[PDB]
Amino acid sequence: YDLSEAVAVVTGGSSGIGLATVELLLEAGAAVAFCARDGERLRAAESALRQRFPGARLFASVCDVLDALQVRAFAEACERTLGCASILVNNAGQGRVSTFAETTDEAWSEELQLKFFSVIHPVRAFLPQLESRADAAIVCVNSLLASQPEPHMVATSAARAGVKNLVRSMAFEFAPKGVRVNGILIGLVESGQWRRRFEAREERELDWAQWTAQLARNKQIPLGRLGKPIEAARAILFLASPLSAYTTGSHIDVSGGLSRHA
């Protein structure tokens, strides 16, 4: 729809899905802020974005979402620059490959703080902004692991389940403040990580399309292919925008049919 009056903040929004989300936000004419830990990847995205949207209101800034303090400073900077945020998107981050046996206490704590505080901090910092905005909405990006765990990503599965449960609570708590809260459940989505996997394939005669196709078949994905970041982004936009004004405390499945549960 038309988000020319929206101010949308995307935290962790330089990765595949986060980037795609910023692009669609700009397409809709929103003022957009985003932050990332890697200063390099952030500016490499800011560059390409300004190329495509010369007349965009954009504010990019390095930030560690785990550092409450920095998030406070970023949120303040966002307000001064673009005005009170009406939309907040928190990116999923990447999964951690480990069975229970392979996961130390150190890995557990890191994975937990990563998935939880990446949501808790931005939310807490921007909430006083969302509250004063109309059509306010938060979206916490998540994966199907939250409701359908996989054997090689035990810690991540469990953290993501927590965040999923948190989304429901925030939805209920923030309703009186006029803020909707939803998330999405991605399946397997194209990424640099998968491209590095493809690069190290044993079947060299297969191209990216055939390889990912075979991978999706081994992963028993009904749609028979990996998702595209822009497809995740499209569900996020739906949730972030007034298009879903009667939707809060829910999730949208973006896994290509992976969820066995009905």
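A residue's number is simply how far along the shown sequence it sits, counting from 1.
Asks: Test of understanding: from the entry's C-alpha B-factors, which stretch has the higher mean, 54-62 or 201-209?
Replies: It is 201-209 that shows the higher mean C-alpha B-factor.
Asks: Highest mean C-alpha temperature factor of the two stretches 74-82 and 152-160, which is it?
Replies: Averaged over C-alpha atoms, the B-factors run higher in 74-82.
Asks: Between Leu226, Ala28, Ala233, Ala45, let me know which has the highest C-alpha B-factor in the entry?
Replies: It is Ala45.
Asks: Which one, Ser241, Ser15, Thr21, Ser250, has the peak C-alpha temperature factor per the PDB entry?
Replies: Out of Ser241, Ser15, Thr21, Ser250, the record gives the largest C-alpha B-factor to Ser15.
Asks: If you rank the chain by CA B-factor, which third does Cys140 end up in: lowest, middle or highest?
Replies: According to the entry, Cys140 has a C-alpha B-factor in the chain's lowest third.
Asks: Using the temperature factors of the C-alpha atoms in this entry, rank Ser132 within its chain: lowest, middle or highest third.
Replies: Tercile = highest for this residue's CA B-factor.
Asks: Lowest, middle or highest third: where is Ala8 by Cα B-factor in its chain?
Replies: Its C-alpha B-factor belongs to the lowest third of this chain's values.
Asks: Where does the C-alpha B-factor of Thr104 rank in its chain, lowest, middle or highest third?
Replies: For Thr104, whose C-alpha B-factor we compare with every modelled residue in the chain, the answer is the middle third.
Asks: Within this chain, which third does the Cα B-factor at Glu173 fall in: lowest, middle or highest?
Replies: Lowest third of the chain for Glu173's C-alpha B-factor.
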